[PDB]
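J.: Data: final-v4.cif, mmCIF, C-alpha atoms.
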```
data_coords
loop_
_atom_site.label_atom_id
_atom_site.label_comp_id
_atom_site.auth_asym_id
_atom_site.auth_seq_id
_atom_site.Cartn_x
_atom_site.Cartn_y
_atom_site.Cartn_z
CA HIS T 325 -23.41 113.58 -89.04
CA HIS T 326 -24.28 110.52 -86.93
CA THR T 327 -22.20 107.79 -88.60
CA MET T 328 -18.47 107.91 -87.93
CA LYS T 329 -15.57 106.19 -89.69
CA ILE T 330 -12.35 104.57 -88.46
CA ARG T 331 -10.34 103.69 -91.56
CA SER T 332 -12.84 101.78 -93.75
CA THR T 333 -15.20 100.74 -90.94
CA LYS T 334 -18.35 102.79 -90.32
CA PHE T 335 -19.75 103.01 -86.77
CA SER T 336 -23.28 103.95 -85.70
CA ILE T 337 -24.31 104.11 -82.05
CA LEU T 338 -27.61 102.30 -81.50
CA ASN T 339 -27.89 103.35 -77.85
CA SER T 340 -25.66 104.57 -75.02
CA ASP T 341 -25.81 105.84 -71.43
CA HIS T 342 -23.84 108.94 -72.38
CA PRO T 343 -22.20 110.66 -75.32
CA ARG T 344 -18.61 109.67 -76.07
CA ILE T 345 -16.23 111.59 -73.83
CA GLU T 346 -12.74 112.93 -74.49
CA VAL T 347 -9.65 112.20 -72.39
CA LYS T 348 -6.90 114.79 -72.83
CA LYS T 349 -3.99 112.42 -72.20
CA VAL T 350 -0.57 114.02 -71.73
CA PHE T 351 2.78 112.30 -72.26
CA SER T 352 5.84 113.98 -70.77
CA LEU T 353 9.71 113.80 -70.76
CA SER T 354 10.20 117.07 -69.00
CA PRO T 355 8.18 120.21 -68.21
CA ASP T 356 9.34 121.72 -71.53
CA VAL T 357 8.75 118.57 -73.61
CA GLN T 358 5.26 117.06 -73.57
CA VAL T 359 2.58 116.08 -76.11
CA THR T 360 -1.19 116.13 -75.63
CA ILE T 361 -2.81 113.21 -77.47
CA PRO T 362 -6.52 112.93 -76.70
CA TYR T 363 -8.69 109.88 -77.38
CA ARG T 364 -12.42 109.18 -77.12
CA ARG T 365 -14.19 106.44 -75.21
CA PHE T 366 -17.52 105.42 -73.72
CA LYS T 367 -18.74 106.15 -70.22
CA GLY T 368 -21.06 103.33 -69.19
CA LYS T 369 -23.00 101.07 -71.55
CA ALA T 370 -23.05 101.30 -75.33
CA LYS T 371 -24.36 99.24 -78.24
CA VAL T 372 -22.80 100.08 -81.60
CA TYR T 373 -23.48 98.88 -85.14
CA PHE T 374 -20.46 98.60 -87.43
CA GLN T 375 -19.91 97.79 -91.10
CA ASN T 376 -16.93 97.31 -93.40
CA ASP T 377 -17.80 96.25 -96.96
CA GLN T 378 -19.00 92.61 -96.78
CA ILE T 379 -18.64 92.62 -92.98
CA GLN T 380 -21.22 93.92 -90.53
CA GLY T 381 -22.49 93.44 -87.00
CA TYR T 382 -22.64 95.12 -83.62
CA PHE T 383 -20.84 95.03 -80.28
CA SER T 384 -21.66 95.82 -76.66
CA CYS T 385 -19.25 97.43 -74.22
CA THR T 386 -19.04 98.79 -70.70
CA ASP T 387 -16.52 101.62 -70.43
CA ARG T 388 -13.31 100.28 -72.02
CA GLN T 389 -14.34 96.61 -72.04
CA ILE T 390 -16.05 94.79 -74.91
CA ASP T 391 -18.81 92.56 -73.57
CA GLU T 392 -19.80 90.87 -76.82
CA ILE T 393 -19.44 91.10 -80.60
CA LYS T 394 -21.87 89.65 -83.13
CA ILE T 395 -20.63 89.41 -86.71
CA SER T 396 -21.90 88.55 -90.17
CA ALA T 397 -19.10 87.80 -92.63
CA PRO T 398 -18.06 85.55 -95.53
CA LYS T 399 -16.48 82.19 -94.67
CA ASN T 400 -12.70 82.44 -94.11
CA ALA T 401 -12.79 86.25 -94.17
CA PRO T 402 -9.72 87.88 -92.57
CA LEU T 403 -11.27 89.97 -89.76
CA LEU T 404 -7.99 91.37 -88.40
CA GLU T 405 -8.25 94.94 -89.68
CA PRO T 406 -11.91 95.69 -88.94
CA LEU T 407 -11.58 94.27 -85.41
CA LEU T 408 -8.71 96.70 -84.80
CA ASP T 409 -10.97 99.53 -85.99
CA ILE T 410 -13.41 98.52 -83.26
CA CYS T 411 -10.55 98.34 -80.76
CA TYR T 412 -9.45 101.87 -81.64
CA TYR T 413 -13.03 103.15 -81.71
CA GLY T 414 -13.59 102.32 -78.05
CA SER T 415 -9.93 102.45 -77.02
CA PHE T 416 -10.30 98.84 -75.86
CA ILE T 417 -6.65 97.73 -75.99
CA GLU T 418 -3.20 99.08 -75.12
CA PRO T 419 -0.74 100.37 -76.16
CA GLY T 420 -2.28 103.30 -78.03
CA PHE T 421 -4.19 105.43 -75.52
CA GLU T 422 -2.78 105.45 -71.97
CA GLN T 423 0.44 103.62 -72.79
CA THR T 424 3.07 104.40 -75.41
CA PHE T 425 4.54 101.91 -77.88
CA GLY T 426 7.89 101.76 -76.10
CA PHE T 427 8.97 105.22 -77.23
CA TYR T 428 7.93 108.83 -76.68
CA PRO T 429 5.28 109.76 -79.30
CA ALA T 430 5.81 112.45 -81.94
CA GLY T 431 2.15 113.45 -81.99
CA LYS T 432 -1.45 112.48 -82.67
CA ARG T 433 -0.93 111.37 -86.28
CA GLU T 434 2.06 109.23 -85.32
CA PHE T 435 0.25 107.69 -82.34
CA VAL T 436 -2.76 106.54 -84.36
CA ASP T 437 -0.53 105.21 -87.14
CA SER T 438 1.56 103.35 -84.54
CA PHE T 439 -1.56 101.67 -83.13
CA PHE T 440 -2.55 99.89 -86.33
CA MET T 441 1.03 99.01 -87.25
CA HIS T 442 1.82 97.59 -83.81
CA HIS T 443 -1.35 95.53 -83.33
CA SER T 444 -1.52 94.17 -86.90
CA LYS T 445 1.96 92.70 -86.43
CA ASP T 446 1.02 91.34 -82.99
CA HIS T 447 -2.64 91.15 -81.98
CA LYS T 448 -2.46 89.24 -78.68
CA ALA T 449 -3.69 92.36 -76.86
CA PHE T 450 -7.07 91.66 -78.45
CA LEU T 451 -7.00 87.96 -77.55
CA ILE T 452 -6.22 88.88 -73.94
CA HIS T 453 -9.05 91.41 -74.00
CA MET T 454 -11.68 88.87 -75.07
CA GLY T 455 -10.29 85.55 -73.90
CA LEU T 456 -9.56 82.21 -75.57
CA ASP T 457 -12.03 79.36 -75.26
CA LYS T 458 -11.99 75.57 -75.47
CA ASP T 459 -15.43 75.53 -77.11
CA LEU T 460 -14.96 74.93 -80.84
CA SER T 461 -18.56 75.67 -81.86
CA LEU T 462 -17.58 79.35 -81.66
CA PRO T 463 -16.85 81.00 -85.04
CA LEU T 464 -13.77 83.24 -84.69
CA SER T 465 -10.37 81.52 -84.83
CA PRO T 466 -7.40 82.80 -82.78
CA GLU T 467 -5.86 84.06 -86.03
CA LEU T 468 -9.06 86.12 -86.35
CA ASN T 469 -10.40 84.35 -89.44
CA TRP T 470 -14.14 83.79 -89.72
CA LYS T 471 -15.28 80.19 -89.20
CA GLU T 472 -11.74 78.84 -89.63
CA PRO T 473 -11.13 75.52 -87.84
CA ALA T 474 -8.90 75.63 -84.75
CA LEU T 475 -8.13 73.93 -81.43
CA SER T 476 -9.37 77.01 -79.55
CA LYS T 477 -11.59 80.03 -80.29
CA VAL T 478 -12.07 83.68 -79.30
CA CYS T 479 -14.55 84.29 -76.46
CA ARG T 480 -17.81 86.21 -76.78
CA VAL T 481 -17.59 86.67 -80.54
CA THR T 482 -20.61 84.95 -82.09
CA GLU T 483 -22.69 85.20 -85.26
CA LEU T 484 -25.48 87.71 -85.86
CA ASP T 485 -29.04 86.53 -85.71
#
```
Represent the structure of the file as structure tokens.
T.:
Amino acid sequence: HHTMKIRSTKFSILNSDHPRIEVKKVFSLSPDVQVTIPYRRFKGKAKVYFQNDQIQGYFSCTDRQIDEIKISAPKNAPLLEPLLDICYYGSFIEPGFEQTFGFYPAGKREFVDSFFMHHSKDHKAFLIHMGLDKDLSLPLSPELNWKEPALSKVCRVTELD
């Protein structure tokens, strides 16, 4: 049906220029040794509602770039894992889609599992994707905790109206 799920986070497309498209990415060591690991992404604009338990909101993207995220969440909620679900959903950060994790992948299952392991341990890819701001009135801390105090904040992540 319409709603789709990445881990525990449900996604529902509000509107989009096109349906999600599939990229049949191929990784190779030699002609005889190569895996096909496809991923899905957006072509053009998209606005998508998401929800994970006490956390909900929506985000806007253009192709493989997040334009904005609006979130509603409890104070001091750790937003690491659901944000990664969004990142995977749109294939917004590497490695995990066009790049490997520093070693030739075993297959689809391994590649997806590697994504969440790798980026949980080190999530700067996301910070680079959004940007870090000097404005403190913004809600999301660099450690990706909701409304946590900090000397800098994550760009273009605000609170839902």
J.: For residue 345 of chain T, which of T:388, T:331, T:325, T:371 is the closest residue, counting only C-alpha atoms?
T.: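 Ranked by minimum distance to residue 345 of chain T, first place goes to T:388.
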J.: I'd like the neighbourhood of residue 411 of chain T as a PyMOL selection string, where a residue qualifies if any of its atoms comes within 12 Å (using only C-alpha atoms), though same-chain residues fewer than 4 positions away should be ignored.
T.: chain T and resi 330+333+335+364-365+374+383+385+388-390+393+404-407+415-421+436+439-440+443-444+447+449-451+453-454
J.: Counting all atoms listed in the file, which residue out of T:414, T:350, T:382, T:478 sits closest to residue 367 of chain T?
T.: T:414
J.: Using all atoms listed in the file, which of the listed residues (T:441, T:456, T:464, T:430) sits closest to residue 358 of chain T?
T.: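 Going through T:441, T:456, T:464, T:430 one by one, the smallest distance to residue 358 of chain T is for T:430.
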J.: Taking all atoms listed in the file into account, which of T:334, T:326, T:480, T:471 comes nearest residue 399 of chain T?
T.: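 That would be T:471, the residue with the smallest distance to residue 399 of chain T.
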J.: Using atom CA of residue 476 of chain T and atom CA of residue 459 of chain T as the two end points, give the distance in Å to one decimal.
T.: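 Taking atom CA of residue 476 of chain T as the start and atom CA of residue 459 of chain T as the end point, the length is 6.7 Å.
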J.: Just so the selection is clear, what residues does the PyMOL selection byres ((chain T and resi 369) around 7) cover here, as a PyMOL selection string?
T.: chain T and resi 340-341+367-368+370+385-387
J.: Expanded to explicit residues, what is the PyMOL selection byres ((chain T and resi 467) around 9) for this file, as a ChimeraX atom specification?
T.: /T:402-404,447,464-466,468-469,472
J.: Please indicate the distance in Å from atom CA of residue 427 of chain T to atom CA of residue 329 of chain T, rounded to one decimal place.
T.: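 According to the coordinates, atom CA of residue 427 of chain T and atom CA of residue 329 of chain T are separated by 27.5 Å.
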J.: Measure the distance from atom CA of residue 429 of chain T to atom CA of residue 355 of chain T in Å and round it to one decimal.
T.: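 About the pair atom CA of residue 429 of chain T and atom CA of residue 355 of chain T: they are 15.5 Å apart.
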J.: Could you expand the PyMOL selection byres ((chain T and resi 484) around 10) into the explicit residues it covers here, written as JSON, numbers by chain?
T.: {"T": [380, 381, 382, 393, 394, 395, 396, 397, 481, 482, 483, 485]}
J.: Between T:408, T:359, T:479, T:401, which is the closest to residue 379 of chain T once you count all atoms listed in the file?
T.: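 Distance minimum relative to residue 379 of chain T lands on T:401.
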J.: For a quick check of understanding, using only C-alpha atoms, which of T:377, T:342, T:435, T:328 has the smallest distance to residue 422 of chain T?
T.: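 Of T:377, T:342, T:435, T:328, the one nearest residue 422 of chain T is T:435, counting only C-alpha atoms.
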J.: Provide an axis-aligned box for all listed atoms of segment 416-434 of chain T, padding each side by 5 Å; report its centre and its edge lengths in Å to one decimal, as JSON.
T.:
```
{"center_x": -0.7, "center_y": 105.6, "center_z": -79.1, "size_x": 29.3, "size_y": 25.7, "size_z": 24.3}
```
